[PDB]
Number of protein chains: 4
Amino acid sequence: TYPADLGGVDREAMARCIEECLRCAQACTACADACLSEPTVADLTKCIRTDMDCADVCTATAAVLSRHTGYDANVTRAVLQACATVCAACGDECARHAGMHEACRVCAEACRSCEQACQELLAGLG
Amino acid sequence: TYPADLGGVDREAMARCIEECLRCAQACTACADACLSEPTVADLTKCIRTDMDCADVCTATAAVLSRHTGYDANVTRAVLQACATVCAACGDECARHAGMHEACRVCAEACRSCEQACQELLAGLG
Amino acid sequence: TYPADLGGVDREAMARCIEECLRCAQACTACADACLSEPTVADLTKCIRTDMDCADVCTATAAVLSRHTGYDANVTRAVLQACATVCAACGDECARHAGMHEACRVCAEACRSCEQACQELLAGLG
Amino acid sequence: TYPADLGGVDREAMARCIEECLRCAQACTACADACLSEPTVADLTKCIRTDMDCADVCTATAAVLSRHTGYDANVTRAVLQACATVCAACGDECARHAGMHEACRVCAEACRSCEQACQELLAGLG
Ligand SMILES: [Cu+]
Ligand SMILES: [Cu+]
Ligand SMILES: [Cu+]
Ligand SMILES: [Cu+]
Ligand SMILES: [Cu+]
Ligand SMILES: [Cu+]
Ligand SMILES: [Cu+]
Ligand SMILES: [Cu+]
Ligand SMILES: [Cu+]
Ligand SMILES: [Cu+]
Ligand SMILES: [Cu+]
Ligand SMILES: [Cu+]
Ligand SMILES: [Cu+]
Ligand SMILES: [Cu+]
Ligand SMILES: [Cu+]
Ligand SMILES: [Cu+]
Ligand SMILES: [Cu+]
Ligand SMILES: [Cu+]
Ligand SMILES: [Cu+]
Ligand SMILES: [Cu+]
Ligand SMILES: [Cu+]
Ligand SMILES: [Cu+]
Ligand SMILES: [Cu+]
Ligand SMILES: [Cu+]
Ligand SMILES: [Cu+]
Ligand SMILES: [Cu+]
Ligand SMILES: [Cu+]
Ligand SMILES: [Cu+]
Ligand SMILES: [Cu+]
Ligand SMILES: [Cu+]
Ligand SMILES: [Cu+]
Ligand SMILES: [Cu+]
Ligand SMILES: [Cu+]
Ligand SMILES: [Cu+]
Ligand SMILES: [Cu+]
Ligand SMILES: [Cu+]
Ligand SMILES: [Cu+]
Ligand SMILES: [Cu+]
Ligand SMILES: [Cu+]
Ligand SMILES: [Cu+]
Ligand SMILES: [Cu+]
Ligand SMILES: [Cu+]
Ligand SMILES: [Cu+]
Ligand SMILES: [Cu+]
Ligand SMILES: [Cu+]
Ligand SMILES: [Cu+]
Ligand SMILES: [Cu+]
Ligand SMILES: [Cu+]
Ligand SMILES: [Cu+]
Ligand SMILES: [Cu+]
Ligand SMILES: [Cu+]
Ligand SMILES: [Cu+]
Ligand SMILES: [Cu+]
Ligand SMILES: [Cu+]
Ligand SMILES: [Cu+]
Ligand SMILES: [Cu+]
Ligand SMILES: [Cu+]
Ligand SMILES: [Cu+]
Ligand SMILES: [Cu+]
Ligand SMILES: [Cu+]
Ligand SMILES: [Cu+]
Ligand SMILES: [Cu+]
Ligand SMILES: [Cu+]
Ligand SMILES: [Cu+]
Ligand SMILES: [Cu+]
Ligand SMILES: [Cu+]
Ligand SMILES: [Cu+]
Ligand SMILES: [Cu+]
Ligand SMILES: [Cu+]
Ligand SMILES: [Cu+]
Ligand SMILES: [Cu+]
Ligand SMILES: [Cu+]
Ligand SMILES: [Cu+]
Ligand SMILES: [Cu+]
Ligand SMILES: [Cu+]
Ligand SMILES: [Cu+]
Ligand SMILES: [Cu+]
Ligand SMILES: [Cu+]
Ligand SMILES: [Cu+]
Ligand SMILES: [Cu+]
C-alpha cells in the first residue's frame, strides 16, 4: 500500500491493527461509561481513568496508521509502542473486575487483542 | 440500555450509529490520505479538508453516543445533527471524485451510510 | 483569513472560539479526572460523563474552526451549535458542585465562556 | 498534584507540557490547512500528513497528562516518547518550508517547543 519506505510491511497486519484500535477505543469508551454507572464505582476509578487513556491513544494510533503519504517508521514505531503499552495496562486493570462487572471482561479481551495487534505490527517495522 | 431517560430509544439504531461513526471516521482519514497521495491533489483540497472535519466529528459522535450515564437528549440531538450535516457534505464532495479516484467512491458510500444512521437515530430521540 | 465564502466573518471571534474550545476541552478533561479523585464521586457521575462529552466536542470544534480551505457554513454552524449546547449543559452540571468541589467552579466558568464564544461566532455566520 | 506515585514529579513541567501539546495540536491543524491552501501543495504532502499525525498525538498526550487518578508512569512515559518523536519529525518537516511558507516557520517553532516540553517531563519521570 503506496510508498517504497512501506516496502516489506505486512498490509494485513496494518489493517488488523487499525480495526483493533477503533474497536478497542469504542470498547474502552463504553467500559469507562459502564463502570461510571456501576453502583460500585469508587473502587473502579483507576479502571475508568485507564479506559479514557486507552480510548485516546487507540483513536490517535488508528489515525496515524491509516496514513501512507510521507510515512516515517520512527513516528509509527513510537505511536505503536504507546498504544501497546496502554492496551497492556488497560487490559490488566479491566481483567481485575472481570468477575465483578461483565463490561470489564469484554473490554479486557479488546485491550489484550489490540495489544497483540500493535506488538505484531511493531515487530515487523524493523 | 440503562436510564429511564433512554426509555423508548432504539438500542439497535444507537449501536448502528456508533459502528457507522467509527467506520466513517476511518474511511475519511484514509480518504484524506489517499487524495493527498493522488498525482492530482490541488483539485482535491476541499475534499481533503471535508474528510478531516468528517473524521473529527464522527470520532466525537461515536464517543458521545457510547455513553449512557447522565444522558441528555439536547446534547445527543445537537451532536447527531452535526454529524449528519458533515457526513452529507463529505458524501457529496467525495462523490464528485467517484470516477477520478476509487477511494472517494468508497468514502462517499461510508458518508451516505453514516448520514442515514445519524438521521434515523435523531428522528427517534423526540 | 482566506476564502470569499469567509468574507464578513469576524476573524477575532473565530480566534477566540478556537482558543476557548482548547482551554474548555482541557478544563473538562481535568475536571472529569478531579471528580474521579473526589472521595465523593458516586454523586458526580453525570458531571464526569458531561465533562467527557464536552471535551470531545470542544476538541472536534477547535479542529473544524481551524480550517479555512473549502469552508462550508452549514458544517461550521452545525458544529458550533453542538459545541454551544454541550458547553451550556456541562456549565450547568459543573456549577451544581461549585461549592462542593473547586474544580467544577473553574470548569463551569470555562464552559460558560466557551458557550458564549460559540454563540457569538454562530450569530455572525448568517 | 494528587497521588504518592506522582511524588517527585515537576507539576510546572507537567502544566507546561499540557499547554504546549494543546498549542502544538492547534498549530499543526492550522498548518495542515495553510499548506492545503498554498498554490504549491503537491510538494507539501509529507508536511500535511505529519501535521495531521502531530495534531492527533499532541491531542491524546494533553488528555493523558491531564489525568492524575490511577497514574501509571509506564503509560505516561510511552505517550510522552511518542509525542516527543512526532514533534521532532513535524518540526523538521515544517522547518524545510520556513522560507517558502510563513505558517510552517511558526508551526516548526511550536513543534520544537513541545518536543522540548515532552523531553524535559520524560527525563524527570524516572
Ligand atoms: Cu491499531
Ligand atoms: Cu488499541
Ligand atoms: Cu480499548
Ligand atoms: Cu468499565
Ligand atoms: Cu472499569
Ligand atoms: Cu475500566
Ligand atoms: Cu481500556
Ligand atoms: Cu486503547
Ligand atoms: Cu491502538
Ligand atoms: Cu493500544
Ligand atoms: Cu481497561
Ligand atoms: Cu474494571
Ligand atoms: Cu468495569
Ligand atoms: Cu473495563
Ligand atoms: Cu479494554
Ligand atoms: Cu476497559
Ligand atoms: Cu486497546
Ligand atoms: Cu484498552
Ligand atoms: Cu493495538
Ligand atoms: Cu496497533
Ligand atoms: Cu454514529
Ligand atoms: Cu459518521
Ligand atoms: Cu467518513
Ligand atoms: Cu480522498
Ligand atoms: Cu478526496
Ligand atoms: Cu476527500
Ligand atoms: Cu469524509
Ligand atoms: Cu464523519
Ligand atoms: Cu457520526
Ligand atoms: Cu457524520
Ligand atoms: Cu467526503
Ligand atoms: Cu474527493
Ligand atoms: Cu479522493
Ligand atoms: Cu474522498
Ligand atoms: Cu466519506
Ligand atoms: Cu471522503
Ligand atoms: Cu461520515
Ligand atoms: Cu464522512
Ligand atoms: Cu452518522
Ligand atoms: Cu450517527
Ligand atoms: Cu471554539
Ligand atoms: Cu468549547
Ligand atoms: Cu470544557
Ligand atoms: Cu469535575
Ligand atoms: Cu464533576
Ligand atoms: Cu464534571
Ligand atoms: Cu465540561
Ligand atoms: Cu466542551
Ligand atoms: Cu467548542
Ligand atoms: Cu462547547
Ligand atoms: Cu461541566
Ligand atoms: Cu461537578
Ligand atoms: Cu467536580
Ligand atoms: Cu466539573
Ligand atoms: Cu466546564
Ligand atoms: Cu466541567
Ligand atoms: Cu466548553
Ligand atoms: Cu464544557
Ligand atoms: Cu465554545
Ligand atoms: Cu466556539
Ligand atoms: Cu504536552
Ligand atoms: Cu505536542
Ligand atoms: Cu504541533
Ligand atoms: Cu503547513
Ligand atoms: Cu506544510
Ligand atoms: Cu505542514
Ligand atoms: Cu506539526
Ligand atoms: Cu504534535
Ligand atoms: Cu504533546
Ligand atoms: Cu509532541
Ligand atoms: Cu510540522
Ligand atoms: Cu511545511
Ligand atoms: Cu506550510
Ligand atoms: Cu507546517
Ligand atoms: Cu508544528
Ligand atoms: Cu507543522
Ligand atoms: Cu508538537
Ligand atoms: Cu508538531
Ligand atoms: Cu510535547
Ligand atoms: Cu509533552
For the residues C:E19, B:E115, what sequence is obtained by ranking on other C-beta atoms within 10 Å, fewest first? C:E19, B:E115
Across peptide C:81-93, what mean number of C-beta atoms from other chains lies inside 10 Å of a residue's C-beta? 4
Given a Förster distance of 22 Å, the FRET efficiency implied by the Cβ-Cβ spacing of A:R11 and B:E109, rounded to the nearest 0.05, works out to 0.55
So, in nm, how far is label C:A123 from label A:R96 when the simple model puts each one 7 Å beyond its Cα toward the Cβ? 4.9
Descending principal axes extents, chain C, alpha-carbon based, whole Å: 54, 19, 18
For B:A73, label point 7 Å along C-beta direction: distances to other copies, nm: 3.1, 5.1, 5.6
Cα coordinate range in region B:37-88, projected on the principal axes (Å, largest first): 48, 17, 10
From the label point of C:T1, set 7 Å along Cα to the beta carbon, how far off in nm is each other copy's matching point, shortest first? 2.7, 3.3, 3.6
Treating the protein assembly as shown as a set of equal point scatterers at the Cα positions, no solvent, please give the Debye-formula log₁₀ I(q)/I(0) at q = 0.05, 0.07, 0.08 Å⁻¹. -0.16, -0.32, -0.42
How large is the dipole of chain A about the Cα centre if only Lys and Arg carry +1 and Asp and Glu carry -1, each at its Cβ, rounded to the nearest 20 debye? 140
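How high is the relative contact order of region B:1-70, given as a whole-number percent (alpha carbon pairs under 8 Å, six or more residues apart)? Could you put the intermediate results ahead of the total?
Numbers: 54 pairs, mean separation 33.5, N = 70.
The normalised contact order for region B:1-70 reaches 48 percent.
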Tell me, what is the percent relative contact order of chain B, built from C-alpha pairs under 8 Å that lie six or more residues apart? 34
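Quantify how strongly other chains surround peptide D:42-48 by giving the mean number of their Cβ atoms within 10 Å of each of its Cβ atoms.
Whole-number average of other-chain Cβ neighbours for D:42-48 is 5.
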Do the sum for chain A: with -39,500 (n - 2.57) for every DSSP H run of n ≥ 4, divided by all residues, what is the mean residue ellipticity at 222 nm, to the nearest 500 deg cm²/dmol? -25500 deg cm²/dmol
Placing a label point 7 Å from Cα toward Cβ, how far apart in nm is B:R105 from its equivalents in the other copies, listed shortest first to one decimal? 4.5, 4.6, 6.2
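Reconstructed Cβ throughout: ideal geometry from the backbone, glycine too, with neighbour counts over all protein chains shown. Coordinate-derived values only; no laboratory data.
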